[PDB]
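Only one chain is given next, in structure tokens, and it is the form deposited in one PDB entry.
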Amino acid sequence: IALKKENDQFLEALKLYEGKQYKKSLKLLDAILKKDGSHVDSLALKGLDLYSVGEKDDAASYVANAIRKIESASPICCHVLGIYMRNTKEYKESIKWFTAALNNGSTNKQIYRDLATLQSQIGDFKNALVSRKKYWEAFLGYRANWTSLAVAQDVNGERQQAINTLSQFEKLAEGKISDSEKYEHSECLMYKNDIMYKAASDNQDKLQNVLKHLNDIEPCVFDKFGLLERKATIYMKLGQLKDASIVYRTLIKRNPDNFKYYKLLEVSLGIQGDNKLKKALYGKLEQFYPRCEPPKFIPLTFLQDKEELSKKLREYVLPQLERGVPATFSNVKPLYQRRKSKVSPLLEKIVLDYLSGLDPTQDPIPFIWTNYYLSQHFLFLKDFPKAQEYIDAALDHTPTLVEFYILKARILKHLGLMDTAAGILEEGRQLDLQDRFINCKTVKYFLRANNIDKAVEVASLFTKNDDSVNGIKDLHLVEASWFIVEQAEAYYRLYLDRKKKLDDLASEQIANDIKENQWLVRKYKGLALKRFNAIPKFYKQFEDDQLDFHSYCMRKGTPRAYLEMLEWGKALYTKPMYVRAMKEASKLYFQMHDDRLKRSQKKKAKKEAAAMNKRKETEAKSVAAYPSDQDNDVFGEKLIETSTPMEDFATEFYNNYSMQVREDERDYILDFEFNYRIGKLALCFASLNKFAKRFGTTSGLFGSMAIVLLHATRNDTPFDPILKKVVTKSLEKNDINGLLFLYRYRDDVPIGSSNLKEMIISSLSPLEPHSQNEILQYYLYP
């Protein structure tokens, strides 16, 4: 029985691995994999060791081999495999092996915490709870195991159980809370009170109990903000508004710059919808908090009297102009938005008056910043000439302020002059070459101008370039979505442009030029899609970043914040930049679908090959997003040559979004266009329907979709859903947006493409030149 001889050597290899000494552990292992070679334990641990040193491919091979030679295994083998799967983000697989370890008779009860984390990560809390409980039973000593359990119980709806789990520890821990644990205690006291409050619902007696508990724990709760907020809320649900009023006043006093506290105070006093008494309220609060916004500003949202309003508006804006505050207009912009007709003329007169009494020489700060304000004022009102004139005046006086160049650039952007705007920001950048803000603004504008190389070179002034020629890699490294998305939308435009020049080609110079544009169009289509694809990678990483907190939050003692994290994680694929990437990438995927559906020189050629493949090498080093070892497809070639576009879009973008998104934020126009291509014309009727309910059947887009849907009825594709969708019509038997939509399907639906193009170019009159020229250059084109 020399098996004990080899089994002891393995245990040594295991200990060597546990000590983070992989190299050694391998040596001992390779020794066992010579006399035996079919020892599953060593094969597994070898795979794990290989992974730890970066031998990823071979690790997978030894793990694959081990697993193939298993189809049961030793408890340690299953354990070791669980870890490898955890490390390689194979969490469901990890749960299988960690589970098998226990089935095959593992005594290591520490495996339940590993499971609890993994099962939490994949959103399987029903089973996570089972693991939290078993682990809790095996180790009642550590508070983290209690909090873990209460959370699992909380998440599973077992609110009473969660409360009892937290309470239980409190009882055991009475008189044993050292100062270094007071914080975790404070957090668990508030977390419990949270659950009790959730369960209390609108039951008056249950609610009064939660308050009783709140005043019980107050001295040991250090989250005074969180506690007072809870207290106020309970009083409101108890109809004891005077008391709530007191709490809100206390909160306001703690943070008089929080608008929320004020608005809530109004309600507690019953004076909401009573301007006379609100003006009174804020007049008094202004005495207490003279340097805070809410008291000064909130009256500006309701005061109906044109006289008092004008007065209050002046008191708010003019002091800011006098102090040279750049954000003066932005501060009142939401008033321009919600009270445009009432406020803007009052402010126009107010500020125009103010300017007239200013001397450029004696009052230089207020002067230039008053002009600045007015430039934004008229820019907002879409009076660009005046906007230009007032910012011009500011620059005339003082041309050393970065803001004046941004505002100017911004006005030209609205006039549809990207290239020029970019140039103006570039001019301003010289004033503060060490400020990354203006740098980023400049990068963005050059990207809007489709001048990517300039954008990249500017951005690279602030990126950490080490083994690279520019900051493209670091920008991917640090999850800079602002850049990647903007650059992707640039690449797409460059792709459409170069495609035009390629279509505008009709002795051999034309041929050589033809091959060059073909490449660029390919290059840009590929990079546009590859850049958009970087976003879902960022956000899938955000999701994966939760893993360590399933444990860390329990040990640190922040269960409340942890639950919020779970809420955050389940909304990741609804976030703006993500939805933006998805929506914009749909243009590419959808097209790639519609297109996949519709459509001697040896020596010299060898010199031409090594010439174009030599430049491509130089280009790859410049556009490379990820390190060479991690990515071979730098131009997105594989992405664009795909034969499963609609799927890739679903797999990479749409699925995760569609599963997390709230019905009241859903893009039914997108669902429509996605299903229309998937073939599910049933969900198309649902999209148009669900869309019709929220926006009415009068919307031009509502009719556009419908017309494109009617043409679907007859005669495509299977009769069944054609009839179902055809019988569904019982529920329903300008507008540039509508006309532009119908144009996107000028092919599928039979309508005069030329005639429609004319109608769209007539509804453009109103729109600003920026939005105007965007449709004429990229929307409607041959």
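Here, rigid core means the biggest group of C-alpha atoms that superpose within 1.5 Å across both forms. The numbering used is simple: start at 1 and walk along the sequence shown.
FYI, the form deposited in another entry isn't displayed, but the following is about it.
Asker: With the core superposed, a Cα shift of 2 Å or more between the shown form and the other one singles out one residue among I424, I163, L211, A244. Which one is it?
Answerer: The one that shifts is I424.
Asker: Using the rigid core as the reference frame, would you say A581 shifts its C-alpha by 2 Å or more between the shown form and the other one?
Answerer: After core superposition, the C-alpha of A581 moves less than 2 Å between the shown form and the other one.
Asker: Comparing between the shown form and the other one on the rigid core: C-alpha of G569 shifted by 2 Å or more?
Answerer: No, the C-alpha moves less than 2 Å.
Asker: For a quick test of reading the superposition: does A100 move by 2 Å or more at the CA between the shown form and the other one, rigid core aligned?
Answerer: No: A100 shifts by under 2 Å between the shown form and the other one.
Asker: Have a look at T420 and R580: in that other deposited form, are their Cα atoms closer together or farther apart than in this form, given the change is 3 Å or more?
Answerer: Farther, not closer.
Asker: Indicate closer or farther: the Cα atoms of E348 and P766, in that other deposited form, relative to the displayed form, with a change of 3 Å or more.
Answerer: Relative to this form, farther apart in that other deposited form.
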